[PDB]
């Protein structure tokens, strides 16, 4: 069953965490960590990056305290290799590195992958290369295979140490480009689960619903998570306490969520509006 990675220790993603980080309210941060663990998280995503603030200084402060206080591994969420090195130095045993990609070329990808190999950390890899983010199922497969080959041949990373992130886009804007983006990821995951036995798959599930009302988001996140699980998802970055069991979602909301995820437009039926309409009326 799913390896849940709590999303909330995230300075851009959480006002609560950011204010505590800025005030050096360690006990506040530790309580938020424990909340998420109690609510189901088996690891904690940690993203302190905040524009015009020193990521390395924040991590030098917070990481030693997390190492002694936490019962679960930390997924270090950063694009700075120095920040990843801080995390690897301070944290015990399993760390997960989120993430490596190919946008900056092979050498940056290798630099991050080398860190994972050398310190026995799991590695998240994003479906992003020099041409940008893989949005269609074909693009996602192409990038993932190129990465898989580099990571196994060359770095000697094991399939089970890899978490492929095939990208979660918001399907709430309603433009043509974004409507199929959750489906493309779902279809790619199923295909790659077959092509690449033993690898993990991770998604930042909450991104799918950005812009909807909170109740609508919880439903959509929960349905998207469940659909991804059926396609082979092994880990999820989620607000662990806000994931609904499918059976708790009312019938019409559930059906509309599926219509939105799979872009099941017909004449006179826009799944996005119908989904939004539901939560206006209930």
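Positions refer to the first chain, counted from 1.
Undergrad: Mean CA temperature factor from the deposited coordinates, higher in 92 to 100 or in 201 to 209?
TA: Looking at the recorded C-alpha B-factors, 92 to 100 comes out higher on average.
Undergrad: When the deposited Cα B-factors of this chain's modelled residues are ordered and cut into thirds, is residue 23 in the lowest, the middle or the highest one?
TA: For residue 23, whose C-alpha B-factor we compare with every modelled residue in the chain, the answer is the highest third.
Undergrad: Determine, from the deposited record, the chain-internal third of the Cα B-factor for residue 171: lowest, middle or highest.
TA: As the PDB entry reports it, the C-alpha B-factor of residue 171 lands in the middle third of its chain.
Undergrad: Within this chain, which third does the Cα B-factor at residue 156 fall in: lowest, middle or highest?
TA: For residue 156, the deposited C-alpha B-factor lands in the middle third.
Undergrad: How does residue 81 rank on Cα B-factor within its chain, lowest, middle or highest third?
TA: Lowest third.
Undergrad: Taking the entry's C-alpha B-factors for this chain, is residue 239 in the lowest, middle or highest third?
TA: Middle third of the chain for residue 239's C-alpha B-factor.
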